[PDB]
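Each remark here refers to the structure printed beneath this line.
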Amino acid sequence: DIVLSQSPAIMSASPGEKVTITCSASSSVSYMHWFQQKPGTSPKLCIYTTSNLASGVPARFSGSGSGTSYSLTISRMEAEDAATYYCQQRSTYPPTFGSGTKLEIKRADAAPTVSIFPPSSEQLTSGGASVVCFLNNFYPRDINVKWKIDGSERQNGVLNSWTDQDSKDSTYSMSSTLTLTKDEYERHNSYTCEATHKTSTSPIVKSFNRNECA
Amino acid sequence: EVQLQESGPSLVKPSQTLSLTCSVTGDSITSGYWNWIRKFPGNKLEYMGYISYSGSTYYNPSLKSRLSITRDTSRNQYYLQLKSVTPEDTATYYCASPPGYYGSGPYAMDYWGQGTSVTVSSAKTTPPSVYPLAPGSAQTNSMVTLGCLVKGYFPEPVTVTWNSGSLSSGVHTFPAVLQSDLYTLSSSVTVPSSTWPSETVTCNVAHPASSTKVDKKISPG
């Protein structure tokens, strides 16, 4: 039952920035181990016994601490450092792990490229109608999507999903899907997908009318 | 150097016992500690337990009395047995060895298998409904974004390709969402508007558990 509180939970650092991650324990532990996990890989020992660099880890990393306060440090952030870090303790059983630090790459802001799509003719054979909105290659990750039916917000029946930071351009993408009953979809003709982000305050709205096109 | 490999089912029914095998190549299990760790949706990790070089075991108190770990030294394998699994035992299960050193060398290392995603649910095999996402209009800019909607499938996973792999740089496939026992995913692809609808673009959707082969060029409308 040693509780490992880790911080921060998520963060973005520019290439070259100094980064510090802390792990605070419920009770004294003799040492703290640190593990690294990149998307697609299993967790890999990063730091052994509080301050020892594990095989395959570069010299920009280091750890320190004792008792109930430990930290891990990257002197200069590299893009390949992007990953999830976990502090771990084994001085008392059971061995416990921190909640993790998701470390992302910071890059230039980018407004989301927004695209809206109406239900397909194929889906209209069923009793449901889904409108899909794609908000892609944006930065930073925090983003809000609003679904307006006839200029009037609709909440829930929505399915939202995010990609992980793109490996080539460091941006994020997000899909939103509004699934309505087919009959309710045909009682309303204006469908809007509204994105509020960080470019400006109000922005990015894409729409389509049920009355147009076929 | 060493190699650990998770072997077992991907989907289990609630109340059933979950059974997995960790096969160790590169080193004997007659020395050291051999464990099972799991990663939950939301990414917290939980140390499940171990089986020692002597066959002794340690089980996390959090796995109450449900977990047991066995081994076969004359086959270099160790096994996990987790009884009465609810939907919340859904995770990726990894076998692994604690940090150590070895041979000669200066550095501490450890060994992890690749992990196996385990789904706990009572759903049945359901092919996905694959729909085309084409814009309902367009005058300008240089790019156009089209996509596909893969809805109501079970279980994971699904695979999506665009024009058999020949479209890649502008692709985004989004993680699957579990809704009312069924999974739904979407994918997008952005191409130059002088390529579409002039030159065909197709989504190749495949669903392994229900042998689905879906191709659907996205056509205007």
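By order in the structure tokens, chains are A, B, ...; within a chain, residues start at 1; ligands start at 1, following the order shown.
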Chain A contacts to chain B at 8 Å (only C-alpha atoms) as a ChimeraX atom specification
/A:41-45,48,53-55,93-100,115-120,122-123,132,134,159-163,173-175,208,212-214
Quick one: pick out all strand (DSSP E) residues within segment 32-74 of chain A from a backbone DSSP run and write them as number ranges by chain.
A: 33-37, 44-48, 52-53, 61-66, 69-74
Write a file of the selected residues as an mmCIF file, in the first residue's frame, keeping N, CA and C atoms.
data_model
loop_
_atom_site.group_PDB
_atom_site.id
_atom_site.type_symbol
_atom_site.label_atom_id
_atom_site.label_comp_id
_atom_site.auth_asym_id
_atom_site.auth_seq_id
_atom_site.Cartn_x
_atom_site.Cartn_y
_atom_site.Cartn_z
ATOM 1 N N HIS A 33 12.470 3.464 -8.574
ATOM 2 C CA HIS A 33 12.826 3.089 -9.939
ATOM 3 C C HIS A 33 11.906 3.873 -10.870
ATOM 4 N N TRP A 34 12.352 4.144 -12.082
ATOM 5 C CA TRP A 34 11.578 4.863 -13.085
ATOM 6 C C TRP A 34 11.563 4.045 -14.387
ATOM 7 N N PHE A 35 10.399 3.969 -15.018
ATOM 8 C CA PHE A 35 10.141 3.217 -16.226
ATOM 9 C C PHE A 35 9.649 4.146 -17.336
ATOM 10 N N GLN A 36 9.984 3.826 -18.574
ATOM 11 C CA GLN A 36 9.602 4.615 -19.738
ATOM 12 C C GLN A 36 8.734 3.799 -20.696
ATOM 13 N N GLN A 37 7.628 4.372 -21.176
ATOM 14 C CA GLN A 37 6.804 3.634 -22.129
ATOM 15 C C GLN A 37 6.389 4.494 -23.315
ATOM 16 N N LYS A 44 9.898 0.178 -20.094
ATOM 17 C CA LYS A 44 11.305 -0.188 -20.103
ATOM 18 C C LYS A 44 11.996 0.522 -18.933
ATOM 19 N N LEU A 45 12.821 -0.209 -18.198
ATOM 20 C CA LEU A 45 13.533 0.439 -17.088
ATOM 21 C C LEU A 45 14.303 1.650 -17.603
ATOM 22 N N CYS A 46 14.124 2.788 -16.947
ATOM 23 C CA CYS A 46 14.780 4.022 -17.315
ATOM 24 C C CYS A 46 15.836 4.412 -16.292
ATOM 25 N N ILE A 47 15.438 4.382 -15.029
ATOM 26 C CA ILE A 47 16.315 4.756 -13.929
ATOM 27 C C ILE A 47 16.165 3.688 -12.847
ATOM 28 N N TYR A 48 17.331 3.212 -12.446
ATOM 29 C CA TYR A 48 17.434 2.157 -11.461
ATOM 30 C C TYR A 48 17.909 2.718 -10.139
ATOM 31 N N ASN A 52 20.536 5.625 -10.839
ATOM 32 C CA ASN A 52 21.368 4.930 -11.817
ATOM 33 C C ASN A 52 20.731 4.738 -13.180
ATOM 34 N N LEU A 53 21.376 5.265 -14.212
ATOM 35 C CA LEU A 53 20.979 5.125 -15.598
ATOM 36 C C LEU A 53 20.987 3.653 -16.032
ATOM 37 N N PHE A 61 19.356 12.109 -18.788
ATOM 38 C CA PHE A 61 18.410 11.774 -17.732
ATOM 39 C C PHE A 61 19.134 11.667 -16.386
ATOM 40 N N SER A 62 18.415 11.829 -15.292
ATOM 41 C CA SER A 62 18.996 11.544 -13.981
ATOM 42 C C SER A 62 17.835 11.501 -12.982
ATOM 43 N N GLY A 63 18.100 10.986 -11.802
ATOM 44 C CA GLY A 63 17.089 10.914 -10.754
ATOM 45 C C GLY A 63 17.758 11.349 -9.446
ATOM 46 N N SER A 64 16.947 11.628 -8.452
ATOM 47 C CA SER A 64 17.427 12.028 -7.141
ATOM 48 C C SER A 64 16.277 11.839 -6.145
ATOM 49 N N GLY A 65 16.565 12.084 -4.879
ATOM 50 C CA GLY A 65 15.608 12.005 -3.803
ATOM 51 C C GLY A 65 15.937 10.951 -2.757
ATOM 52 N N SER A 66 15.048 10.840 -1.769
ATOM 53 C CA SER A 66 15.130 9.814 -0.743
ATOM 54 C C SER A 66 13.910 9.945 0.169
ATOM 55 N N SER A 69 10.374 11.611 -1.203
ATOM 56 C CA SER A 69 10.390 12.586 -2.292
ATOM 57 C C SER A 69 11.497 12.332 -3.298
ATOM 58 N N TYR A 70 11.056 11.945 -4.501
ATOM 59 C CA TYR A 70 11.973 11.581 -5.574
ATOM 60 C C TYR A 70 11.626 12.338 -6.846
ATOM 61 N N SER A 71 12.600 12.457 -7.736
ATOM 62 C CA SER A 71 12.317 13.110 -9.009
ATOM 63 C C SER A 71 13.159 12.518 -10.130
ATOM 64 N N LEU A 72 12.691 12.719 -11.359
ATOM 65 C CA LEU A 72 13.433 12.293 -12.530
ATOM 66 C C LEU A 72 13.604 13.555 -13.379
ATOM 67 N N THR A 73 14.776 13.680 -13.991
ATOM 68 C CA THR A 73 15.105 14.863 -14.751
ATOM 69 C C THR A 73 15.801 14.672 -16.085
ATOM 70 N N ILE A 74 15.222 15.332 -17.087
ATOM 71 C CA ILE A 74 15.845 15.366 -18.403
ATOM 72 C C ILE A 74 16.546 16.715 -18.523
#
Just the number, please: distance in Å from atom CA of residue 109 of chain A to atom CA of residue 191 of chain B, one decimal.
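According to the coordinates, atom CA of residue 109 of chain A and atom CA of residue 191 of chain B are separated by 22.5 Å.
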DSSP says helix (DSSP H, G or I) for which residues of segment 64-130 of chain A? Put them as a list in words?
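Filtering segment 64-130 of chain A down to helix (DSSP H, G or I) leaves residues 79, 80, 81, 123, 124 and 125 of chain A.
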For the residues in that selection, give me N, CA and C atoms as a short mmCIF file (atom, residue, chain, number, x, y, z; two decimals), in the first residue's frame.
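Output contents, as saved in part_3.cif:
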data_model
loop_
_atom_site.label_atom_id
_atom_site.label_comp_id
_atom_site.auth_asym_id
_atom_site.auth_seq_id
_atom_site.Cartn_x
_atom_site.Cartn_y
_atom_site.Cartn_z
N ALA A 79 13.04 15.06 -28.86
CA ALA A 79 11.74 14.57 -29.35
C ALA A 79 11.51 13.11 -28.96
N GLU A 80 12.52 12.26 -29.05
CA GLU A 80 12.40 10.85 -28.70
C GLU A 80 12.10 10.60 -27.23
N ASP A 81 12.24 11.60 -26.35
CA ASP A 81 11.94 11.49 -24.95
C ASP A 81 10.42 11.46 -24.76
N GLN A 123 -26.27 4.20 -44.49
CA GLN A 123 -26.69 4.12 -43.09
C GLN A 123 -28.17 4.42 -42.92
N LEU A 124 -28.79 5.10 -43.89
CA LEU A 124 -30.19 5.47 -43.82
C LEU A 124 -31.14 4.30 -44.05
N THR A 125 -30.65 3.09 -44.24
CA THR A 125 -31.48 1.89 -44.34
C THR A 125 -31.80 1.42 -42.91
#
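Distance check against residue 32 of chain A using only C-alpha atoms: of A:75, A:7, A:91, A:14, the minimum falls on A:91.
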For atom CA of residue 39 of chain A and atom CA of residue 199 of chain A, the interatomic separation in Å (one decimal)
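If I compute the distance from atom CA of residue 39 of chain A to atom CA of residue 199 of chain A, I get 28.2 Å.
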Using only C-alpha atoms, the residue out of A:27, A:192, A:20, A:84 with shortest distance to residue 40 of chain A is A:84
Hey, what's within 12 Å of residue 142 of chain A if we count only C-alpha atoms and toss same-chain stuff fewer than 3 positions away? As a compact mmCIF listing (two decimals) with C-alpha atoms, in the first residue's frame, please?
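Contents of out.txt, as written:
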# COMPACT_ATOMS: atom_id res chain seq x y z
CA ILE A 10 0.69 15.49 -18.45
CA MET A 11 2.99 18.12 -19.98
CA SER A 12 4.54 19.46 -23.16
CA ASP A 109 0.06 26.41 -32.30
CA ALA A 110 -2.09 25.28 -35.19
CA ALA A 111 -5.84 25.72 -35.58
CA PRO A 112 -7.78 22.55 -36.27
CA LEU A 135 -10.87 18.27 -36.26
CA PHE A 138 -4.22 20.97 -34.33
CA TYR A 139 -2.17 22.19 -31.33
CA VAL A 145 -16.48 20.38 -29.95
CA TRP A 162 -8.55 11.58 -29.95
CA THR A 171 -0.13 17.73 -33.76
CA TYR A 172 -3.34 16.13 -32.53
CA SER A 173 -6.53 15.05 -34.28
CA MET A 174 -10.04 14.49 -32.98
CA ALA A 195 -14.76 23.99 -32.63
CA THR A 196 -13.50 26.33 -29.91
CA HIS A 197 -9.73 26.13 -29.42
CA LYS A 198 -6.80 28.59 -29.13
CA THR A 199 -6.46 30.30 -32.51
